[PDB]
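**Q** Please find one structure pasted underneath; my questions will follow.
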Amino acid sequence: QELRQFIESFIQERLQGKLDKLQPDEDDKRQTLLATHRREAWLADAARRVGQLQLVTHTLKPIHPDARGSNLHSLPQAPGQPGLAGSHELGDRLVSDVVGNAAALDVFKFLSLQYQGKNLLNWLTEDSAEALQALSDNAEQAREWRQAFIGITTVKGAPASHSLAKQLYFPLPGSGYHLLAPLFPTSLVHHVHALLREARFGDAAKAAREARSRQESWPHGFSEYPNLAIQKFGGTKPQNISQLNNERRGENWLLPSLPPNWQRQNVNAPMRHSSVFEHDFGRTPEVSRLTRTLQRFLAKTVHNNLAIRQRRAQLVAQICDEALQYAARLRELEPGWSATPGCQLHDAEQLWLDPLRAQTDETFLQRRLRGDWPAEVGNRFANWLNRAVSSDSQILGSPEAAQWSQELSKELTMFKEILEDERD
Amino acid sequence: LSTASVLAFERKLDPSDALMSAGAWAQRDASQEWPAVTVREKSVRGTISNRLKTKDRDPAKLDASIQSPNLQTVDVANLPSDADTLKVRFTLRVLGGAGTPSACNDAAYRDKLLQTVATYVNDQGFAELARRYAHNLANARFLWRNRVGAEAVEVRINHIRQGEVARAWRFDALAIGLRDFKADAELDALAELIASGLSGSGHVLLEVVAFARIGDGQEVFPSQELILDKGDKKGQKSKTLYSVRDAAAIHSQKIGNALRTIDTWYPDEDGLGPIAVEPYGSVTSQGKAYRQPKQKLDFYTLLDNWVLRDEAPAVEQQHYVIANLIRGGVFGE
Amino acid sequence: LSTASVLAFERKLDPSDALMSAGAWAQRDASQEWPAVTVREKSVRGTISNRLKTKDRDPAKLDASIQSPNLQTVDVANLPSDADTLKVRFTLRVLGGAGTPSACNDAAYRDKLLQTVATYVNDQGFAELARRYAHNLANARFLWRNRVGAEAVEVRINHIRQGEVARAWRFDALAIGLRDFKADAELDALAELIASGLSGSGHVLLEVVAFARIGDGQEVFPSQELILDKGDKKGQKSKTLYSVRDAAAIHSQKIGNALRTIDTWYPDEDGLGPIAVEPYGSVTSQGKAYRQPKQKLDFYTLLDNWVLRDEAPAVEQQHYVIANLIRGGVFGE
Amino acid sequence: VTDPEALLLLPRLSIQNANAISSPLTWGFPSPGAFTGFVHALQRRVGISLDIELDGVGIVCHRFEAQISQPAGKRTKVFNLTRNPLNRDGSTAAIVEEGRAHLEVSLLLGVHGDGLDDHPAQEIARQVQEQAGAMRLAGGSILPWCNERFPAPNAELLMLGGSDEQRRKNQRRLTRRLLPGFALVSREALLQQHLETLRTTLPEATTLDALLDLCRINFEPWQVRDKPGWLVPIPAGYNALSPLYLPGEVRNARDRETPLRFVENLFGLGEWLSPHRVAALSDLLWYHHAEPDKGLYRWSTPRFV
């Protein structure tokens, strides 16, 4: 019955935080007003003042200054296909905080601790037998409180919308169009903020930085979150959506989604001496990272052969594909491709990096400026495979030591198929 | 037939963000390889020149605060010491289907607006709006602050149908002003092109090249961006400019805003010249929104009584409505 | 009458950066290909030359902190060893239309401000103010520390309108002094040129060559960025120098600030030396502000008591208000 | 839902002023549903007169910057904005933030039509390429033809008809013009078996992609764990939670002859792949389907390997 034996005590514990809002005469009137609620009549005053609001979990009023939108946080299940990830359920730490227009926080701040440990949050829709016994008054005041509680999550079924609700056609399979208006899930984004602020500073940052600085780790869940951008919803006047206080002043940040060429990459094979004229290098920083990722697992143990059975030769094919991507990137930034100072190794190294057709060539221009001979590129791939990892004289006792040479031959076959029509 | 309460239109004459590059005059006709004028870094030491408060003056606190100035590392985009000109190059297109909304509920309001724009085009052509949108390419208004103090600024326009120039026109952007609209002989052929491509047929494509001889090593003004506050009081201000391919560029919406200076029909005076054609026509460099909802000349009243109530406004101010159709917006309440 | 809460101006005297380069005297006439003074670095070793308030000044702290190193890396720019002169070459261009503001709220304030400037101009021209700017190019003040202890500074100023030279000016910047403003028949022609470019009659581009001889392999003083005396690994960069495309240089705001050292009309003194025109006209080196807002004689009182309250600012000091408009800035609340 | 009669590539679809965020939880490359809607609108304004049919798209994502900035050296980023016009009161507008990027892409499609059955080849390809550059794709206008037009005319590369070895050499005759990019494909089975394999702590479903855009490590009791690619969440469909509606039931729709459903976002992950490491180029298309029995209005890549 924690609405009279704890509700009279809660109106009294607000009658100790009501002496702060108390002058003599205007404060005696304020004590008469707030003691028509915090003495005996909290339900009637709360249902009169806050009876027609709308709480939410994902609304759309904050996508424009003076717009309109939807109010529905339901659908707590999705029993269909296990191939997506969304707002089908929260599971633990269920939160619900939607803005609406509820201005009196002190009428919805002395009513939430009746369900923290009890079932006083289970009478927020109906079935108020203890909710009518935990009032001490007749059916009128408890009915006003029940009206203010049944309007706090009012769901008519058919919402309304404004022109700026971002309404999108989605095509059926060869059929008509169900137009979709997506919204902005506020407590879901703050759930992401709960996990992120837990794992960005406080515990895991201090732990990971000091731990991987010197020694101070039992290895636990610690990680780094790069490339997150700030998305604000009011700036220095935030009264759009809920969960919006003076550390959360539009402080909704945003996980990264960049493509495979987000940042920039410096060139490593220009038409110079140290760029192309010394062409037995194959230099690249991403190739250095791939070589380090190979050399960190250059020993096949007695356990992880199931995971190390398709992750080495496939990674070497990915490194050859990264070399092909480097050749493609070099295949656009070469306006002048011809003989010059620093083109001796680049005369045969210019097969894949095919420069522009030389004007000084004669009718037999397919020998030095039109060389369609990508067979020494197999020799360059053989040199790169011999210089990648030092193949020992006794590291082939198992079926994956000479299989390294078989994977090198497969990479050389893929390189021959790729450079079968390089200069042509 | 009522107002369609989800109502919208698309951009027509939607240019691209123009790169900038610099070189010398009379080497101007080989301008395909000019180096990019990249944004660079410098740093300023400020002072107290703000209008401080009327009775917070304190003639010792001022001396105590000038000795500790504020520190800003603002950006700049100078020309090189060899350069003398400035190339501004963007690409422009019209999408066609002018009166057709990309969002409309009422097939009654849209039905009335069909023959509204249809008898507007069938009555008279866009030659008024053709010469008015051609006098924001025929001068060089799209280079905004680079126009003042330039000693010779000119714009070379060349229309392409294939991957080559169909008909080219070359101008002198300080002959015609920012203020007057006058018809020429190198202009009305361009006007018929932009008019007959601007109706509902398909698309048109124009590449605009402008040569503002701004001086020698003198800075240019790429458009900066808005920022929220950074968490430092030493690198607080940065004046971050705009770059496309490591190259200072003007934004697309600003370089289309300079296209959109059309209307001299706003009722106040013919002193400011044209402003940007806007619903509730408002200028940033003037402060307040002209054409108040009290007076008739705002947009929704003209469009509603020229479509719903069928009372046509005079042809002097009808062009405002078609001009901010070509602008487009989001409409309804 | 009210004032404007947001108001601004262009700068009307806009110079470039000044990239410096050294060379030998008397072959200075062929100085089109002198190599740039390149910013090098060197490693210095600090000592103790700072005040100590004796909160820890024990018989061990000083002869511990002497042996405790504070070695640093500074940036420095010397001449080539067979060179004794410094060439500093910037371009100056004047816009004109001096008092017409950029962006102002009220339409009522701006018309009487423009007519205030116009009754100033046809009352008296820009002649005295252009002479006072010309004495900051004839006297090569823009060489800030590269001028002190120079044996002979001289100034070449040509006039560019096309790729040509209209008239030249050779100014022995030490024979005429920094102290007194005196007129010369060749200097008043340059005053006439800036007075025409500030009026509106003809744009003007000038380039200013400064041949300050110093000595064989001496040390020049280019501009310095915001120093980052950061969290070192025991010894980091403590001063850095302004570089351009392999060339040390001076910021444009510094050789603008040395060019607008105009006013001697400030109430504290008049013959001790002119300073730079600013609101609450202040010096960073002197650490004070002449023309306090306790006094009348600053800008923010003369402006709103000459526009609004219609009082004459005593023509002796009316030149300051116009020179601070030629400065340009952020005005209003 | 079938591999095409013929492919159709557009090598530098240089676009501009795109939408960066595209969903409330990411900001990088935009949604693939934007591209599926792009090709549905292309099919609407082309293939009803030229009799083709477009189902899937192919992203390659050559180069991608974003108007983003670093505030004071923090471990975050911000967005660059655009100035809204003046409010009716004329002081300043209600400024609202959104990300705007300038990317590069090339789209390959899937055709069930008569491009070489009753019409000629490069006529159809040239008219579709010439007509494609008049419409927006991600809230941003396509940067039109320039010096990038010089490799832009294309073939109309058949797949369903030809020699087997020339099926191989035609699809890698299409790969030779596609090098410096990195294609986007989904990882639906990897989503499934990577949440189900890692169910040794908890069975939660939305914590999968919420625990992959980060450096997971259980370090030494310095060895960074084996990253299998570029683990990054994508908006992978639309769950329509509330039931259907009518044009007269919920007013303020766009057209009043098509029904309305309020919808929410769904997050799978999409790896980035070089085009060399595929099975075939018909095995990477972002299709479309709607299941109105469910709420799932979900696009997909069937048979990504």
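Protein chains in written order, with the deposited numbering: chain A, 11 to 434; chain H, 6 to 338; chain G, 6 to 338; chain B, 3 to 223, 239 to 322. Quick reminder that beta carbons are idealized off the backbone N, C-alpha and C, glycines included.
#1: Hey, quick one: how far does the beta strand (DSSP E) through A:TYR179 stretch, first residue to last?
#2: With a threshold of 8 Å between beta-carbons, can B:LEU258 be considered close to chain A, or not?
#3: Compute the Euclidean distance between the alpha carbons of A:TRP272 and H:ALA41, then round it to the nearest angstrom.
#4: Using 8 Å as the threshold, is the region 200–219 of chain G in touch with the region 59–73 of chain G, meaning 3 or more CB pairs across them?
#5: Return the chain-ordered ranges of every alpha helix (DSSP H) run that is complete within the region 137–209 of chain A and spans a minimum of 4 residues.
#6: In the DSSP assignment, find the unbroken beta strand (DSSP E) run with H:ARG172 in it and report its ends.
#7: What three-state label does DSSP hand B:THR177 in the structure shown?
#8: Please report whether the beta-carbon of H:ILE71 lies at a distance below 8 Å from any beta-carbon of chain B.
#9: Determine the chain H residues that contact G:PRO298 at a beta-carbon separation under 8 Å, and present them in chain order.
#10: By the DSSP assignment, the alpha helix (DSSP H) with A:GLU220 in it spans what residues?
#11: Quick one: list the residues of chain H neighbouring B:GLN69, beta-carbon separation under 9 Å, in chain order.
#12: State buried or exposed for A:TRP228, treating a residue as buried only when at least 16 other CB atoms are found within 10 Å of its CB.
#13: Where do the N-terminal and C-terminal ends of the alpha helix (DSSP H) with A:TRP263 fall, by residue?
#14: I'd like to know whether the C-beta of residue 225 of chain B is nearer than 8 Å to at least one C-beta of chain H.
#15: Sorted by chain position, which residues of the same chain lie with C-beta nearer than 6 Å to H:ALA88's C-beta, five sequence neighbours on each side aside?
#16: Among G:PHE186, G:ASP61, G:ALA31 and G:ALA35, which has the Cα closest to the Cα of G:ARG137?
#17: Tell me, which residues are paired with H:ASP80 by DSSP?
#18: Could you give the first and the last residue of the continuous alpha helix (DSSP H) run that contains G:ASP89?
#19: Would DSSP call B:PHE321 helix, strand or coil?
#20: Between A:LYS176 and chain H, is there a C-beta pair that is closer than 8 Å?
#21: Could you tell me whether the Cβ of A:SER284 comes closer than 8 Å to any Cβ of chain H?
#22: Using alpha carbons as the reference points, say which of H:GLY207, H:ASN144, H:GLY182 and H:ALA155 lies closest to H:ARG166.
#23: Enumerate, from N- to C-terminal direction, the unbroken beta strand (DSSP E) stretches of 3 or more residues contained entirely within the region 64–138 of chain B.
#24: On a CA-only basis, which of G:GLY337, G:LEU119 and G:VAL213 is nearest G:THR306? Give me that one, please.
#25: Any idea which residues DSSP pairs B:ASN282 with across the strands?
#26: Along the region 140–170 of chain G, where does the CB come closer than 9 Å to a CB of chain H? Name the residues.
#27: For G:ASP177, decide whether its Cβ has a neighbour in chain H, counting only Cβ atoms nearer than 8 Å.
#28: When burial is assigned at 16 or more other CB atoms within 10 Å of the CB, is B:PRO223 buried or exposed?
#29: I'd like the span of the alpha helix (DSSP H) that includes B:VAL3, first residue to last.
#30: Is any heavy atom of the ligand FMN found at a distance shorter than 7 Å from the C-beta of H:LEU307?
#31: Determine the closest residue to B:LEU12 out of B:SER71, B:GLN124, B:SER33 and B:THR28, with distance taken between C-alpha atoms.
#32: Using only CA atoms, which one of A:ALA338, A:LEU265 and A:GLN15 lies nearest to A:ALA144?
#33: Using a cut-off of 9 Å between C-beta atoms, extract the partners of H:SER10 located in chain B.
#34: What is the DSSP secondary structure of B:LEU10, counted as helix, strand or coil?
#35: Can you give the Cα-Cα distance for A:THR370 and A:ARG293, rounded to whole angstroms?
#36: Does A:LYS242 come within less than 8 Å of chain H when only Cβ atoms are used?
**A** On the basis of the data shown:
#1: Note, A:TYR179: beta strand (DSSP E), 178–181.
#2: With 8 Å as the cut-off, B:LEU258 counts as an interface residue toward chain A.
#3: Cα to Cα, A:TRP272 sits roughly 22 Å from H:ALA41.
#4: By the Cβ criterion, the region 200–219 of chain G is not in contact with the region 59–73 of chain G, since fewer than three pairs of Cβ atoms, one from each stretch, lie closer than 8 Å.
#5: Segments of the alpha helix (DSSP H) lying fully in the region 137–209 of chain A: 140–143 and 149–160.
#6: Where H:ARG172 is concerned, the enclosing beta strand (DSSP E) stretches over 170–175.
#7: Under the three-state reduction of DSSP output, B:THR177 falls in the helix class.
#8: No, H:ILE71 does not count as interfacial toward chain B.
#9: Chain-order list of chain H residues neighbouring G:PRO298: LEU57, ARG62, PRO64 and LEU67, by C-beta distance under 8 Å.
#10: From DSSP, the alpha helix (DSSP H) with A:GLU220 extends over 214–223.
#11: Those within 9 Å of B:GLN69 in chain H are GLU230 and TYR247.
#12: By the Cβ-count criterion, A:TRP228 is exposed, with fewer than 16 other Cβ atoms from all chains shown falling within 10 Å of its own Cβ.
#13: Annotation: A:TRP263 is outside any alpha helix (DSSP H); the continuous beta strand (DSSP E) that includes it extends over 262–264.
#14: Absent here is residue 225 of chain B, because the residues of chain B run from 223 on to 239 with nothing modelled in between.
#15: Excluding residues within five positions, the ones whose Cβ falls inside 6 Å are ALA27 and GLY28.
#16: Nearest option by C-alpha distance: G:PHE186.
#17: H:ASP80 pairs with H:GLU46.
#18: From DSSP, G:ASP89 is part of no alpha helix (DSSP H); its letter is neither H nor E.
#19: Coil at B:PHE321, not helix or strand.
#20: Using a Cβ-Cβ cut-off of 8 Å, A:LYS176 does not count as an interface residue toward chain H, since no Cβ of chain H sits closer than that to its own.
#21: With 8 Å as the cut-off, A:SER284 does not count as an interface residue toward chain H.
#22: Checked all of H:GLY207, H:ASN144, H:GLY182 and H:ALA155; the closest Cα to H:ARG166 is H:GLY207.
#23: Qualifying beta strand (DSSP E) stretches, in chain order: 66–68 and 103–107.
#24: Closest in C-alpha terms to G:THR306, from the list G:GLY337, G:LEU119 and G:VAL213, comes G:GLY337.
#25: DSSP lists B:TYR255 as partners of B:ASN282.
#26: Flagged, chain order: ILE165, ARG166, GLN167 and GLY168.
#27: Using a CB distance cut-off of 8 Å, G:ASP177 does not count as an interface residue toward chain H.
#28: The C-beta of B:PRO223 has fewer than 16 other C-beta atoms within 10 Å across all chains shown, which makes the residue exposed.
#29: Premise fails: B:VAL3 is in no alpha helix (DSSP H) and is neither H nor E.
#30: Summarising the ligand content, the structure contains no ligands, and the ligand FMN is consequently not present.
#31: Comparing Cα positions, the closest option is B:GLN124.
#32: Here the closest residue by C-alpha is A:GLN15.
#33: The answer, in chain order, is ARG268 and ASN269.
#34: Reduced to three states, the DSSP call for B:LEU10 is coil.
#35: Their backbone Cα atoms lie some 31 Å apart in a straight line.
#36: At least one chain H Cβ lies under 8 Å of A:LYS242.
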